[PDB]
Every structure is written in C-alpha cells, then in structure tokens.
Amino acid sequence: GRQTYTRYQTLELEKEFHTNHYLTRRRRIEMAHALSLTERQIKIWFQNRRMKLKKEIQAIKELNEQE
Amino acid sequence: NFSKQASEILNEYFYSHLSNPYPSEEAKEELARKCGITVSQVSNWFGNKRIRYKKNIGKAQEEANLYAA
DNA sequence: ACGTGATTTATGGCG
DNA sequence: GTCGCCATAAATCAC
C-alpha cells in the first residue's frame, strides 16, 4: 500500500523542484540517500509534481479566459 | 458539493455506460459544459465513482434503478 | 462519524 | 535499456 511522505520529505522535494523541475541521475541519488526514499520514489515524485504544475497553470489559464 | 442537476447528468452517464465507464476526452469536455464544471472535476468524479460504486452493491443497484434513462 | 470532492503515492503503456 | 508523459487506481486528506 501507499506510504504518505513526511512534512520534511515533501518540503525538501518541493525546494529542489523550484530550483529544478528535472533531476539528473546524480541529484536523484543524493536526495534518495538524504530523505530515505528509493531512486524510484524520487523519480515518480518529480513526474507527479510536473503533472501537478501543468494542471495548476491550466486552472489559472481557465480563469484568465473567463474574464 | 455539485448541483443536484450536475450530479444527475453524471450518474445518468455512468449508469448507462457501465460496461465501459471511461468517457473519452471529448465526452469529458461535453459532460463539463453540460454540468457547468471543469474537465478535471469530471475526471475526479469518474475516478472516485468507479472505485466507490462497487463497495456497496445494493446501493449501486438502487442508483441504477433511479438514474435509469 | 462518515460522505464527498480533491489531492497524494504508485502502476503500466508507450514514444 | 532508461526516462518522461499520460491516464488511471488506490489510499488519504479536509470539511
């Protein structure tokens, strides 16, 4: 079953996403060891986060056309 | 919470497409305009509906009777 | 407490 | 062979 991430893990991932929307193989290794998440989890988190960004911009675009 | 008419439209569509309750992007776009809601709101509704409807069979059967169109 | 709509982890297909 | 995008499942959040 799905494990919910800690307040600390989420915060740290969110901080790296702002700096970089895409991760390198090296940066993914660093964060996996620091946050105690597999490289797979870090990979999927960034993928889902990119999808979240596309969604949020679309919502704002919808509202900007409604005016 | 959505309007009684938006929920009505959504359930009528779901119960009449039970063999394939996966509306295409065009069907989601048409449902949203009809309900006065967003595509992502239609997307979330179908997702939640597909997993939840089958948790109480007796209730699903009563809605099929009621939402029959 | 639980129902509802939304959001957060996780998968498999495919380019 | 790997990774990103996509739609979706399943769990969980928030009121």
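As given, the protein sequences belong to chains A and B, one line each in that order.
Okay, so the first sequence: first residue is 4 according to the deposited numbering, each after it adds one.
Here the second sequence stands for residues 7 to 23, 23A to 23C, 24 to 72, where the numbers follow the deposited numbering.
Ideal Cβ placement from N, Cα and C applies to all residues, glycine included.
Excluding five sequence neighbours on each side, which residues of the same chain lie with their C-beta closer than 7 angstroms to the C-beta of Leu38/A?
-> The residues are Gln12 and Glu15.
Cα separation between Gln50/A and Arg43/A?
-> Between the alpha carbons of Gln50/A and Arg43/A lies a gap of roughly 11 angstroms.
Kindly indicate which three-state DSSP category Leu56/A falls into: helix, strand or coil?
-> The three-state secondary structure of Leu56/A, taken from DSSP, is helix.
Helix or strand or just coil, what does DSSP make of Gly61/B?
-> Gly61/B sits in a helix when the DSSP states are folded into three classes.
In chain order, what residues of the same chain have a beta carbon less than 7 angstroms from the beta carbon of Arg53/B, not counting five sequence neighbours either side?
-> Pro24, listed in sequence order.
Short check: CB of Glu29/B to CB of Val42/B, under 8 angstroms?
-> No, they are not a contact pair.
Between the C-alpha atoms of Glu66/B and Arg30/A, what's the straight-line distance to the nearest angstrom?
-> Here the alpha carbons of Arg30/A and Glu66/B stand approximately 51 angstroms from one another.
Endpoints, the alpha helix (DSSP H) within which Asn47/B is located | Annotation: the continuous alpha helix (DSSP H) that includes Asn47/B extends over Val42 to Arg55.
Run through DSSP, which three-state label would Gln50/A get?
-> It is helical.
For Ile45/A versus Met34/A, is the C-beta spacing smaller than 8 angstroms?
-> In contact: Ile45/A and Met34/A (Cβ atoms closer than 8 angstroms).
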